[PDB]
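Engineer: Structure file protein.cif (mmCIF, C-alpha atoms and all ligand atoms) right here:
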```
data_coords
#
loop_
_atom_site.label_atom_id
_atom_site.label_comp_id
_atom_site.auth_asym_id
_atom_site.auth_seq_id
_atom_site.Cartn_x
_atom_site.Cartn_y
_atom_site.Cartn_z
CA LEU A 436 -10.24 -8.57 13.13
CA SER A 437 -7.54 -10.73 14.72
CA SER A 438 -5.09 -9.57 17.29
CA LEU A 439 -3.09 -7.14 15.15
CA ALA A 440 -0.37 -9.78 15.64
CA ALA A 441 -0.99 -11.17 12.14
CA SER A 442 -0.61 -7.76 10.46
CA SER A 443 2.77 -7.51 8.70
CA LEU A 444 3.47 -3.91 9.76
CA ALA A 445 2.73 -4.57 13.43
CA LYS A 446 4.96 -7.64 13.04
CA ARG A 447 7.80 -5.50 11.69
CA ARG A 448 7.43 -3.26 14.75
CA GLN A 449 7.51 -6.32 17.01
CA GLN A 450 11.27 -6.29 16.42
CA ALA B 9 -22.35 -15.07 -23.83
CA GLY B 10 -22.81 -11.40 -22.98
CA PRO B 11 -20.92 -9.06 -20.64
CA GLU B 12 -21.66 -9.56 -16.93
CA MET B 13 -24.07 -7.24 -15.13
CA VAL B 14 -23.92 -5.98 -11.55
CA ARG B 15 -26.96 -4.61 -9.72
CA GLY B 16 -28.46 -3.67 -13.08
CA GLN B 17 -25.64 -2.11 -15.13
CA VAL B 18 -22.99 -3.38 -17.54
CA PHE B 19 -19.52 -4.25 -16.25
CA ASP B 20 -17.45 -4.82 -19.37
CA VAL B 21 -14.16 -6.10 -17.94
CA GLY B 22 -13.85 -9.53 -19.56
CA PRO B 23 -12.21 -11.63 -20.56
CA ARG B 24 -9.35 -10.77 -18.16
CA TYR B 25 -11.72 -10.11 -15.24
CA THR B 26 -14.61 -12.50 -14.57
CA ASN B 27 -16.99 -13.74 -11.85
CA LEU B 28 -18.04 -10.26 -10.69
CA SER B 29 -19.52 -9.62 -7.24
CA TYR B 30 -21.00 -6.39 -5.88
CA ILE B 31 -19.08 -4.60 -3.10
CA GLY B 32 -20.75 -1.18 -2.90
CA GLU B 33 -20.93 2.31 -4.39
CA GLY B 34 -19.84 5.81 -3.50
CA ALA B 35 -21.30 9.05 -4.81
CA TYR B 36 -19.37 8.53 -8.05
CA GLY B 37 -18.35 4.92 -8.70
CA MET B 38 -19.70 1.41 -8.29
CA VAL B 39 -17.19 -1.10 -6.93
CA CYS B 40 -17.17 -4.86 -7.56
CA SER B 41 -14.77 -7.68 -6.73
CA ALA B 42 -13.60 -9.82 -9.64
CA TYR B 43 -11.21 -12.61 -10.61
CA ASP B 44 -8.10 -11.44 -12.46
CA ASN B 45 -7.27 -14.30 -14.83
CA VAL B 46 -3.80 -12.93 -15.61
CA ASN B 47 -2.56 -12.55 -12.02
CA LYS B 48 -4.81 -15.35 -10.72
CA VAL B 49 -6.14 -13.29 -7.81
CA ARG B 50 -9.34 -11.47 -6.87
CA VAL B 51 -9.27 -7.70 -7.29
CA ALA B 52 -11.50 -4.65 -6.87
CA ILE B 53 -12.82 -2.74 -9.88
CA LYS B 54 -14.45 0.69 -9.67
CA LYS B 55 -16.63 1.73 -12.61
CA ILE B 56 -17.11 5.45 -13.31
CA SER B 57 -19.07 7.11 -16.12
CA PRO B 58 -17.84 10.73 -15.86
CA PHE B 59 -17.67 12.16 -19.38
CA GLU B 60 -20.95 14.13 -19.29
CA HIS B 61 -19.86 16.24 -16.30
CA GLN B 62 -16.80 18.47 -15.99
CA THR B 63 -16.47 17.70 -12.28
CA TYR B 64 -16.69 13.92 -12.73
CA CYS B 65 -13.96 14.12 -15.36
CA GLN B 66 -11.91 16.11 -12.84
CA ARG B 67 -12.31 13.54 -10.06
CA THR B 68 -11.41 10.76 -12.49
CA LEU B 69 -8.25 12.35 -13.89
CA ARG B 70 -6.96 13.44 -10.47
CA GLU B 71 -7.36 10.04 -8.86
CA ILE B 72 -5.82 8.25 -11.84
CA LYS B 73 -2.82 10.60 -12.17
CA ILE B 74 -1.98 10.66 -8.47
CA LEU B 75 -2.53 6.97 -7.65
CA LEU B 76 -0.53 5.75 -10.66
CA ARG B 77 2.39 7.76 -9.28
CA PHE B 78 2.04 6.86 -5.58
CA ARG B 79 3.59 3.70 -4.15
CA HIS B 80 3.07 3.18 -0.42
CA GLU B 81 1.95 0.28 1.78
CA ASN B 82 -0.88 2.36 3.29
CA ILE B 83 -2.19 3.78 0.02
CA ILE B 84 -4.28 1.82 -2.48
CA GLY B 85 -2.59 1.15 -5.81
CA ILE B 86 -3.98 1.02 -9.33
CA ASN B 87 -3.13 -2.30 -11.02
CA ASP B 88 -4.86 -1.77 -14.36
CA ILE B 89 -7.32 0.44 -16.22
CA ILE B 90 -9.92 -0.70 -18.74
CA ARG B 91 -11.57 1.55 -21.32
CA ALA B 92 -12.58 1.42 -25.00
CA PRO B 93 -9.89 1.36 -27.74
CA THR B 94 -11.04 4.71 -29.19
CA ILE B 95 -11.87 8.00 -27.50
CA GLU B 96 -15.27 8.05 -29.23
CA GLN B 97 -16.19 4.59 -27.89
CA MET B 98 -15.05 5.49 -24.37
CA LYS B 99 -18.02 6.09 -22.05
CA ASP B 100 -16.82 4.25 -18.95
CA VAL B 101 -13.52 3.82 -17.11
CA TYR B 102 -12.73 0.76 -14.97
CA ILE B 103 -10.10 1.21 -12.27
CA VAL B 104 -8.67 -2.09 -11.03
CA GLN B 105 -7.06 -2.17 -7.56
CA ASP B 106 -5.96 -4.60 -4.84
CA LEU B 107 -9.04 -6.10 -3.18
CA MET B 108 -9.75 -4.97 0.37
CA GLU B 109 -12.20 -6.54 2.84
CA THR B 110 -14.11 -3.55 4.24
CA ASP B 111 -13.80 0.14 5.15
CA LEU B 112 -13.78 1.99 8.49
CA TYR B 113 -17.31 3.35 7.98
CA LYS B 114 -18.86 -0.14 7.85
CA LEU B 115 -16.62 -1.48 10.61
CA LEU B 116 -17.52 1.36 12.99
CA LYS B 117 -21.20 1.07 12.12
CA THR B 118 -21.48 -2.14 14.14
CA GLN B 119 -18.09 -3.17 15.55
CA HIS B 120 -16.20 -2.26 18.72
CA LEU B 121 -12.47 -1.51 18.49
CA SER B 122 -9.97 -2.10 21.30
CA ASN B 123 -7.58 0.69 22.21
CA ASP B 124 -4.86 -1.33 20.46
CA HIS B 125 -6.78 -1.48 17.18
CA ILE B 126 -7.52 2.24 17.39
CA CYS B 127 -3.83 2.94 18.03
CA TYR B 128 -2.60 0.74 15.18
CA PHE B 129 -5.16 2.15 12.72
CA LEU B 130 -4.36 5.75 13.61
CA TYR B 131 -0.68 4.95 13.12
CA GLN B 132 -1.33 3.55 9.63
CA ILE B 133 -3.51 6.50 8.63
CA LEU B 134 -0.71 8.86 9.63
CA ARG B 135 2.03 6.78 7.99
CA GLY B 136 0.03 6.99 4.77
CA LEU B 137 -0.61 10.71 5.21
CA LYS B 138 3.10 11.37 5.83
CA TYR B 139 3.85 10.06 2.35
CA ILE B 140 0.92 11.92 0.73
CA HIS B 141 1.97 15.21 2.32
CA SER B 142 5.67 14.63 1.55
CA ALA B 143 4.68 14.55 -2.12
CA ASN B 144 3.16 17.97 -1.50
CA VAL B 145 -0.33 16.54 -2.02
CA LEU B 146 -3.49 17.22 0.01
CA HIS B 147 -6.12 14.45 0.14
CA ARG B 148 -8.92 16.86 1.12
CA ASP B 149 -11.59 14.16 1.60
CA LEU B 150 -10.43 11.79 4.33
CA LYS B 151 -13.28 9.94 6.02
CA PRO B 152 -14.02 6.48 7.48
CA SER B 153 -15.49 5.20 4.19
CA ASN B 154 -12.26 5.68 2.23
CA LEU B 155 -10.05 4.05 4.82
CA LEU B 156 -9.88 0.48 3.53
CA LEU B 157 -9.00 -2.49 5.72
CA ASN B 158 -8.16 -6.07 4.86
CA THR B 159 -8.55 -9.03 7.18
CA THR B 160 -5.04 -8.70 8.67
CA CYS B 161 -5.83 -5.15 9.83
CA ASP B 162 -3.79 -3.60 7.01
CA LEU B 163 -5.14 -0.12 6.28
CA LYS B 164 -5.00 1.71 2.95
CA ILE B 165 -6.22 5.19 2.05
CA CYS B 166 -8.25 5.43 -1.17
CA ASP B 167 -10.62 7.77 -3.01
CA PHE B 168 -8.25 10.49 -4.29
CA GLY B 169 -10.79 12.15 -6.60
CA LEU B 170 -10.51 15.41 -4.65
CA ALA B 171 -6.76 15.33 -4.02
CA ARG B 172 -4.69 18.33 -5.14
CA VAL B 173 -1.08 19.42 -5.16
CA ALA B 174 -0.74 21.67 -2.12
CA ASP B 175 -0.03 24.56 -4.46
CA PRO B 176 0.16 26.79 -1.36
CA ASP B 177 -2.19 29.15 -3.21
CA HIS B 178 -4.56 28.09 -6.01
CA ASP B 179 -8.25 28.98 -5.87
CA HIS B 180 -10.35 25.81 -6.14
CA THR B 181 -13.84 27.21 -6.70
CA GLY B 182 -17.02 25.12 -6.83
CA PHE B 183 -15.41 22.61 -4.47
CA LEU B 184 -17.73 23.56 -1.60
CA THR B 185 -21.04 23.51 -3.50
CA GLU B 186 -20.20 20.25 -5.26
CA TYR B 187 -22.03 17.18 -3.96
CA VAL B 188 -20.29 14.74 -1.63
CA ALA B 189 -21.79 12.02 0.56
CA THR B 190 -20.59 13.63 3.79
CA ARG B 191 -19.09 16.90 5.01
CA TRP B 192 -18.66 15.81 8.65
CA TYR B 193 -14.86 15.48 8.41
CA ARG B 194 -14.07 18.85 6.84
CA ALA B 195 -11.99 21.43 8.70
CA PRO B 196 -13.79 24.65 9.70
CA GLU B 197 -11.65 26.81 7.39
CA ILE B 198 -12.56 24.80 4.30
CA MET B 199 -16.27 24.83 5.19
CA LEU B 200 -15.99 28.62 5.38
CA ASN B 201 -14.27 28.80 1.98
CA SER B 202 -10.95 30.31 3.07
CA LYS B 203 -8.63 30.19 0.07
CA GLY B 204 -5.09 29.38 1.16
CA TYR B 205 -5.76 26.44 3.48
CA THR B 206 -2.98 23.89 3.97
CA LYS B 207 -2.08 20.29 4.82
CA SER B 208 -3.64 20.90 8.23
CA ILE B 209 -7.11 20.25 6.77
CA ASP B 210 -6.18 16.57 6.43
CA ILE B 211 -4.98 16.48 10.03
CA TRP B 212 -8.38 17.81 11.12
CA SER B 213 -10.12 15.06 9.16
CA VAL B 214 -7.91 12.46 10.84
CA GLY B 215 -8.83 13.97 14.20
CA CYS B 216 -12.51 13.52 13.38
CA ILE B 217 -11.82 9.91 12.43
CA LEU B 218 -9.96 9.23 15.69
CA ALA B 219 -12.88 10.67 17.67
CA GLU B 220 -15.20 8.32 15.82
CA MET B 221 -13.07 5.25 16.52
CA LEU B 222 -13.24 6.10 20.21
CA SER B 223 -17.05 6.24 20.35
CA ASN B 224 -18.47 4.71 17.16
CA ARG B 225 -20.22 8.03 16.51
CA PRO B 226 -19.30 11.06 14.39
CA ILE B 227 -18.13 13.92 16.62
CA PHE B 228 -19.36 16.86 14.49
CA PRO B 229 -22.43 15.80 12.52
CA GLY B 230 -24.90 18.35 11.15
CA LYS B 231 -27.37 19.02 8.35
CA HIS B 232 -25.13 21.72 6.85
CA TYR B 233 -21.98 23.75 7.42
CA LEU B 234 -23.63 26.24 9.81
CA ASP B 235 -25.07 23.44 11.95
CA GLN B 236 -21.69 21.69 11.76
CA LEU B 237 -19.95 24.79 13.06
CA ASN B 238 -22.43 24.79 15.93
CA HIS B 239 -21.34 21.24 16.80
CA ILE B 240 -17.66 22.14 16.52
CA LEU B 241 -17.94 25.29 18.66
CA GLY B 242 -20.12 23.48 21.18
CA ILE B 243 -17.17 21.20 21.98
CA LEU B 244 -13.98 23.16 21.22
CA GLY B 245 -15.50 26.33 22.66
CA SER B 246 -15.68 29.75 21.01
CA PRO B 247 -12.83 30.81 18.71
CA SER B 248 -10.65 33.89 19.24
CA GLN B 249 -10.09 36.62 16.67
CA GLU B 250 -6.67 35.09 16.03
CA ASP B 251 -8.28 31.70 15.39
CA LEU B 252 -10.34 33.35 12.67
CA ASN B 253 -7.13 34.44 10.96
CA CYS B 254 -7.89 31.85 8.29
CA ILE B 255 -11.56 32.79 8.00
CA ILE B 256 -11.50 35.37 5.24
CA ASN B 257 -15.17 35.98 4.30
CA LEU B 258 -16.20 39.16 6.13
CA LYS B 259 -19.77 38.22 7.10
CA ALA B 260 -18.79 34.66 8.05
CA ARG B 261 -16.04 36.04 10.29
CA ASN B 262 -18.41 38.52 11.94
CA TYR B 263 -21.10 35.84 12.25
CA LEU B 264 -18.72 33.54 14.13
CA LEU B 265 -17.38 36.26 16.44
CA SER B 266 -20.97 37.35 17.17
CA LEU B 267 -22.18 33.97 18.46
CA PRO B 268 -22.94 33.32 22.16
CA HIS B 269 -19.79 32.34 24.08
CA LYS B 270 -19.10 28.62 24.45
CA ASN B 271 -16.81 26.94 26.96
CA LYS B 272 -14.65 24.00 25.94
CA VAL B 273 -15.94 20.54 26.83
CA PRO B 274 -13.09 18.42 28.22
CA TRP B 275 -12.26 15.44 25.99
CA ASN B 276 -12.47 12.96 28.89
CA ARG B 277 -16.05 14.07 29.57
CA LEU B 278 -17.03 13.08 26.03
CA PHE B 279 -14.67 10.09 25.93
CA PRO B 280 -14.73 8.87 29.57
CA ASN B 281 -13.02 5.52 28.85
CA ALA B 282 -10.45 6.53 26.23
CA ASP B 283 -6.69 6.33 26.62
CA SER B 284 -5.63 9.72 27.97
CA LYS B 285 -2.75 9.83 25.47
CA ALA B 286 -5.26 9.32 22.67
CA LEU B 287 -7.24 12.29 24.00
CA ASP B 288 -4.09 14.41 24.18
CA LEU B 289 -3.23 13.70 20.54
CA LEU B 290 -6.90 14.24 19.60
CA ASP B 291 -6.82 17.62 21.32
CA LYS B 292 -3.79 18.57 19.23
CA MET B 293 -5.39 17.54 15.92
CA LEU B 294 -8.82 19.11 16.51
CA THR B 295 -7.69 22.68 17.09
CA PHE B 296 -9.78 25.37 15.39
CA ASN B 297 -6.73 27.44 14.38
CA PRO B 298 -5.22 25.62 11.35
CA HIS B 299 -1.70 26.91 12.00
CA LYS B 300 -1.59 25.50 15.53
CA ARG B 301 -2.63 21.98 14.52
CA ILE B 302 0.00 19.32 15.00
CA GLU B 303 1.47 18.27 11.64
CA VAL B 304 1.88 14.66 10.53
CA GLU B 305 5.55 14.08 11.48
CA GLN B 306 5.15 15.35 15.04
CA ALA B 307 1.89 13.42 15.33
CA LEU B 308 3.63 10.14 14.48
CA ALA B 309 6.09 11.00 17.26
CA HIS B 310 3.28 11.41 19.81
CA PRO B 311 3.57 9.15 22.90
CA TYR B 312 0.27 7.45 21.95
CA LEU B 313 1.88 5.91 18.85
CA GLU B 314 5.35 5.20 20.27
CA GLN B 315 4.94 1.42 19.97
CA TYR B 316 4.67 1.66 16.15
CA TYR B 317 6.77 4.79 15.59
CA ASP B 318 9.82 4.17 13.38
CA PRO B 319 11.15 6.88 11.03
CA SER B 320 13.43 4.32 9.35
CA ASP B 321 10.32 2.64 7.94
CA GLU B 322 7.98 5.57 7.32
CA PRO B 323 8.85 6.32 3.66
CA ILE B 324 8.33 9.60 1.85
CA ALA B 325 8.13 10.64 -1.80
CA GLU B 326 11.62 11.23 -3.17
CA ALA B 327 10.37 14.52 -4.62
CA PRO B 328 7.25 16.72 -4.31
CA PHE B 329 4.59 16.27 -6.99
CA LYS B 330 3.98 18.98 -9.57
CA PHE B 331 0.77 18.56 -11.55
CA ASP B 332 1.15 18.63 -15.33
CA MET B 333 -1.30 21.43 -16.15
CA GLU B 334 -4.37 22.99 -14.50
CA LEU B 335 -7.42 20.73 -14.67
CA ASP B 336 -9.96 23.10 -13.09
CA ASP B 337 -10.09 25.41 -16.12
CA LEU B 338 -10.50 22.75 -18.81
CA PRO B 339 -13.55 21.78 -20.89
CA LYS B 340 -14.81 18.24 -20.31
CA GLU B 341 -13.78 17.28 -23.86
CA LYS B 342 -10.16 18.14 -23.07
CA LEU B 343 -10.34 16.33 -19.73
CA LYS B 344 -11.58 13.27 -21.62
CA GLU B 345 -8.61 13.50 -23.97
CA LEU B 346 -6.25 13.68 -20.99
CA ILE B 347 -7.97 10.70 -19.39
CA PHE B 348 -7.65 8.75 -22.64
CA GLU B 349 -3.92 9.48 -22.83
CA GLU B 350 -3.34 8.78 -19.14
CA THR B 351 -4.88 5.31 -19.57
CA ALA B 352 -3.33 4.52 -22.97
CA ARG B 353 -0.49 2.51 -21.44
CA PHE B 354 -2.81 -0.22 -20.13
CA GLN B 355 -4.38 -0.94 -23.53
CA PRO B 356 -3.72 -4.44 -24.90
CA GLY B 357 -1.16 -3.47 -27.52
CA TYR B 358 0.60 -0.34 -26.25
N1 LIG C 501 -9.96 -1.41 -3.55
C1 LIG C 501 -11.17 -1.60 -2.79
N2 LIG C 501 -11.35 -2.74 -2.09
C2 LIG C 501 -12.47 -2.92 -1.39
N3 LIG C 501 -13.44 -1.99 -1.34
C3 LIG C 501 -13.30 -0.83 -2.02
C4 LIG C 501 -12.15 -0.60 -2.77
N4 LIG C 501 -12.27 0.62 -3.34
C5 LIG C 501 -13.44 1.15 -2.97
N5 LIG C 501 -14.08 0.28 -2.17
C6 LIG C 501 -15.41 0.47 -1.53
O1 LIG C 501 -16.32 1.17 -2.37
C7 LIG C 501 -16.68 2.35 -1.74
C8 LIG C 501 -16.54 3.48 -2.66
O2 LIG C 501 -15.26 3.71 -3.22
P1 LIG C 501 -14.83 5.19 -3.54
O3 LIG C 501 -13.40 5.15 -4.01
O4 LIG C 501 -14.97 6.10 -2.29
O5 LIG C 501 -15.71 5.61 -4.78
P2 LIG C 501 -16.42 7.01 -5.09
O6 LIG C 501 -17.99 7.02 -5.28
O7 LIG C 501 -15.48 7.40 -6.32
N6 LIG C 501 -15.68 8.15 -3.98
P3 LIG C 501 -16.74 8.60 -2.78
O8 LIG C 501 -18.08 9.06 -3.31
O9 LIG C 501 -16.01 9.79 -1.97
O10 LIG C 501 -16.93 7.38 -1.79
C9 LIG C 501 -15.72 2.51 -0.62
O11 LIG C 501 -16.23 3.26 0.43
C10 LIG C 501 -15.38 1.18 -0.25
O12 LIG C 501 -16.32 0.65 0.62
#
```
Please go through the file and, once you have read it, give me the structure as structure tokens.

Structural biologist:
Amino acid sequence: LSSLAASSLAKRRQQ
Amino acid sequence: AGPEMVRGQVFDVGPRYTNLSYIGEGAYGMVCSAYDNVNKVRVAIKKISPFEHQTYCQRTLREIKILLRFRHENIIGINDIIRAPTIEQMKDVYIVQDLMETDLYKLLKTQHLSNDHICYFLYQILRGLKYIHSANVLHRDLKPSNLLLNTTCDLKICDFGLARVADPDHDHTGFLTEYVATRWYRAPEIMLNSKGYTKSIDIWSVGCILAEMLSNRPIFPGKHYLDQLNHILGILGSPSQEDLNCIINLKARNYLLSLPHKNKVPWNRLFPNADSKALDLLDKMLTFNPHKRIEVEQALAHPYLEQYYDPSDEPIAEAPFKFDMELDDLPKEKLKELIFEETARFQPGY
């Protein structure tokens, strides 16, 4: 269970 | 030579699917991982053998019909369905889906979650539920074990065998006395058999799941529905007469209103190290009165989830679902016919 950083959804929200 | 076997029973999914490996079982299906030789990727395959029981047929047709028609990032899809070429030969149904790594039940059994994981998971559960509910569907059986996760922390809701169009009425009898692996996530109104319950039952379930992520323990366990109510009332405090608006059985209503008074236990006393915004949202999901529960849209807009909240990328069904016919009043032979026809399109040939 990485930092959620690798999750695509969380990545989309990181914008 | 021969069809592969998994933990003792046939798994006839070749030649497309090979190299089977056991994943687990629920109360109804056994799930294996397998190699899809067409798409060149490993998948999950759930075997069910439902045709001797009316209720198993029901679970099978519901889950197939609904999942084939849903398309959402946070809801498991059905890629393919295997079954025999003739209705007579058909004893088993194999449901092929995207392969997931684990579920929330196993994760929580042994693993600690940071407040950020809890937040992100709750967000995904609710994003999924927003779509489900927008299609006018109730899941009715949300629990940690049917929240799937992959290794990138993607979450997908599965196990739609009990899902139903939220036909604001409908009397679904037998539902309460039917066997399921756990009743710990069911709203108090459904445990008390109040016909006319709503989408709020799912919200309650989600509340129970949030509680469990906070503490790695179920919040309202119990040996049965009466004991479960004792857990619920022990924490939320005694209900008012107005709370029991949705409790229709006369003796059950009087039983509840007769019990010794119970004060509310503050959430921070039970969850001393939890985010206080998480506890505020939790308080709004786990309300005894179904009509006062926060609904899914407002829940996604709660300050706890603001870092992932985005209504431009929280899709809904373009139109509410309307089930074809009524499956609860059908003989198992008819349900088998409907299952046959619903799966016909995946047959090599069609
Ligand atoms: N697509 C999948 N990927 C990975 N694991 C899965 C997948 N589908 C199901 N599982 C696992 O298999 C278990 C059972 O699946 P499930 O769909 O709940 O079958 P069931 O017996 O029909 N329903 P239930 O009795 O309520 O659990 C789940 O709890 C998961 O652990």

Engineer: Each residue of chain B with at least one atom at most 9 Å from ligand LIG 501 (chain C) should appear once, together with its nearest atom pair and the corresponding distance in Å (one decimal); atoms considered: only C-alpha atoms and all ligand atoms; ordering: chain, then increasing residue number; output as JSON lines.

Structural biologist:
```
{"residue": "B:31", "atom": "CA", "partner": "C:LIG501", "partner_atom": "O1", "distance": 6.4}
{"residue": "B:32", "atom": "CA", "partner": "C:LIG501", "partner_atom": "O1", "distance": 5.0}
{"residue": "B:33", "atom": "CA", "partner": "C:LIG501", "partner_atom": "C8", "distance": 4.9}
{"residue": "B:34", "atom": "CA", "partner": "C:LIG501", "partner_atom": "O6", "distance": 2.8}
{"residue": "B:35", "atom": "CA", "partner": "C:LIG501", "partner_atom": "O8", "distance": 3.6}
{"residue": "B:36", "atom": "CA", "partner": "C:LIG501", "partner_atom": "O6", "distance": 3.4}
{"residue": "B:37", "atom": "CA", "partner": "C:LIG501", "partner_atom": "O6", "distance": 4.0}
{"residue": "B:38", "atom": "CA", "partner": "C:LIG501", "partner_atom": "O6", "distance": 6.6}
{"residue": "B:39", "atom": "CA", "partner": "C:LIG501", "partner_atom": "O1", "distance": 5.2}
{"residue": "B:40", "atom": "CA", "partner": "C:LIG501", "partner_atom": "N3", "distance": 7.8}
{"residue": "B:41", "atom": "CA", "partner": "C:LIG501", "partner_atom": "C2", "distance": 7.5}
{"residue": "B:51", "atom": "CA", "partner": "C:LIG501", "partner_atom": "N1", "distance": 7.4}
{"residue": "B:52", "atom": "CA", "partner": "C:LIG501", "partner_atom": "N1", "distance": 4.9}
{"residue": "B:53", "atom": "CA", "partner": "C:LIG501", "partner_atom": "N1", "distance": 7.1}
{"residue": "B:54", "atom": "CA", "partner": "C:LIG501", "partner_atom": "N4", "distance": 6.7}
{"residue": "B:55", "atom": "CA", "partner": "C:LIG501", "partner_atom": "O7", "distance": 8.5}
{"residue": "B:56", "atom": "CA", "partner": "C:LIG501", "partner_atom": "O7", "distance": 7.4}
{"residue": "B:67", "atom": "CA", "partner": "C:LIG501", "partner_atom": "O7", "distance": 7.9}
{"residue": "B:68", "atom": "CA", "partner": "C:LIG501", "partner_atom": "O7", "distance": 8.1}
{"residue": "B:71", "atom": "CA", "partner": "C:LIG501", "partner_atom": "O7", "distance": 8.9}
{"residue": "B:84", "atom": "CA", "partner": "C:LIG501", "partner_atom": "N1", "distance": 6.6}
{"residue": "B:85", "atom": "CA", "partner": "C:LIG501", "partner_atom": "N1", "distance": 8.1}
{"residue": "B:86", "atom": "CA", "partner": "C:LIG501", "partner_atom": "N1", "distance": 8.7}
{"residue": "B:104", "atom": "CA", "partner": "C:LIG501", "partner_atom": "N1", "distance": 7.6}
{"residue": "B:105", "atom": "CA", "partner": "C:LIG501", "partner_atom": "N1", "distance": 5.0}
{"residue": "B:106", "atom": "CA", "partner": "C:LIG501", "partner_atom": "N1", "distance": 5.3}
{"residue": "B:107", "atom": "CA", "partner": "C:LIG501", "partner_atom": "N2", "distance": 4.2}
{"residue": "B:108", "atom": "CA", "partner": "C:LIG501", "partner_atom": "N2", "distance": 3.7}
{"residue": "B:109", "atom": "CA", "partner": "C:LIG501", "partner_atom": "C2", "distance": 5.6}
{"residue": "B:110", "atom": "CA", "partner": "C:LIG501", "partner_atom": "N3", "distance": 5.8}
{"residue": "B:111", "atom": "CA", "partner": "C:LIG501", "partner_atom": "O12", "distance": 5.2}
{"residue": "B:112", "atom": "CA", "partner": "C:LIG501", "partner_atom": "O12", "distance": 8.4}
{"residue": "B:113", "atom": "CA", "partner": "C:LIG501", "partner_atom": "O11", "distance": 7.6}
{"residue": "B:114", "atom": "CA", "partner": "C:LIG501", "partner_atom": "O12", "distance": 7.7}
{"residue": "B:149", "atom": "CA", "partner": "C:LIG501", "partner_atom": "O9", "distance": 7.2}
{"residue": "B:150", "atom": "CA", "partner": "C:LIG501", "partner_atom": "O9", "distance": 8.7}
{"residue": "B:151", "atom": "CA", "partner": "C:LIG501", "partner_atom": "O9", "distance": 8.4}
{"residue": "B:152", "atom": "CA", "partner": "C:LIG501", "partner_atom": "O11", "distance": 8.1}
{"residue": "B:153", "atom": "CA", "partner": "C:LIG501", "partner_atom": "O11", "distance": 4.3}
{"residue": "B:154", "atom": "CA", "partner": "C:LIG501", "partner_atom": "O11", "distance": 5.0}
{"residue": "B:155", "atom": "CA", "partner": "C:LIG501", "partner_atom": "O11", "distance": 7.6}
{"residue": "B:156", "atom": "CA", "partner": "C:LIG501", "partner_atom": "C2", "distance": 6.5}
{"residue": "B:157", "atom": "CA", "partner": "C:LIG501", "partner_atom": "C2", "distance": 7.9}
{"residue": "B:158", "atom": "CA", "partner": "C:LIG501", "partner_atom": "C2", "distance": 8.2}
{"residue": "B:164", "atom": "CA", "partner": "C:LIG501", "partner_atom": "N1", "distance": 8.8}
{"residue": "B:166", "atom": "CA", "partner": "C:LIG501", "partner_atom": "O3", "distance": 5.9}
{"residue": "B:167", "atom": "CA", "partner": "C:LIG501", "partner_atom": "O3", "distance": 3.9}
{"residue": "B:168", "atom": "CA", "partner": "C:LIG501", "partner_atom": "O3", "distance": 7.4}
{"residue": "B:169", "atom": "CA", "partner": "C:LIG501", "partner_atom": "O7", "distance": 6.7}
{"residue": "B:170", "atom": "CA", "partner": "C:LIG501", "partner_atom": "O9", "distance": 8.3}
{"residue": "B:188", "atom": "CA", "partner": "C:LIG501", "partner_atom": "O8", "distance": 6.3}
{"residue": "B:189", "atom": "CA", "partner": "C:LIG501", "partner_atom": "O8", "distance": 6.1}
{"residue": "B:190", "atom": "CA", "partner": "C:LIG501", "partner_atom": "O9", "distance": 8.3}
```

Engineer: Go through B:316, B:139, B:102, B:43 and flag the residue nearest residue 449 of chain A, using all atoms listed in the file for the distances.

Structural biologist: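 Ranking B:316, B:139, B:102, B:43 by distance to residue 449 of chain A, first place goes to B:316.
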
Engineer: Find the spatial neighbours of segment 249-252 of chain B, counting only C-alpha atoms, within a cut-off of 8 Å - ignore same-chain residues fewer than 3 positions away - and output them as a PyMOL selection string.

Structural biologist: chain B and resi 255-256+261+265+296-298

Engineer: Given the point (-0.9, -8.4, 18.3) in the file's coordinates, find the residues that have an atom at most 10 Å from it, counting all atoms listed in the file, and give them as a list in words.

Structural biologist: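 The residues near that point, listed by chain and number, are residues 437, 438, 439, 440, 441, 442, 445, 446 and 449 of chain A; 124, 125 and 128 of chain B.
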
Engineer: To one decimal place in Å, what is the distance between atom CA of residue 444 of chain A and atom CA of residue 162 of chain B?

Structural biologist: 7.8 Å

Engineer: Tell me as a ChimeraX atom specification which residues belonging to chain B come within 12 Å of chain A, counting only C-alpha atoms.

Structural biologist: /B:81-82,109-110,115,119-129,131-132,135,157-163,313-322

Engineer: Any idea what the distance is between atom CA of residue 330 of chain B and atom CA of residue 171 of chain B?

Structural biologist: 12.6 Å

Engineer: Mind pulling up the distance from atom CA of residue 65 of chain B to atom CA of residue 23 of chain B?

Structural biologist: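 Atom-to-atom, atom CA of residue 23 of chain B to atom CA of residue 65 of chain B, that is 26.3 Å.
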
Engineer: Identify, on the basis of only C-alpha atoms, every residue whose closest approach to residue 260 of chain B does not exceed 10 Å; exclude the query and any residue fewer than 6 positions from it along the same chain; express the result as a ChimeraX atom specification.

Structural biologist: /B:200-201,234,252,266

Engineer: From the options B:50, B:73, B:61, B:299, which residue's atoms come nearest to residue 351 of chain B, counting only C-alpha atoms?

Structural biologist: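 Of the candidates, the smallest distance to residue 351 of chain B is held by B:73.
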
Engineer: Tell me, as number ranges by chain, which residues lie within 10 Å of residue 63 of chain B, counting all atoms listed in the file; anything in the same chain fewer than 5 positions away does not count.

Structural biologist: B: 58, 68-69, 169-170, 182-183, 186, 335-336, 339-340, 343

Engineer: Select, counting only C-alpha atoms, all protein, DNA and RNA residues no farther than 8 Å from (8.6, 19.9, -2.5) in file coordinates, and express the selection as a ChimeraX atom specification.

Structural biologist: /B:142-144,327-329
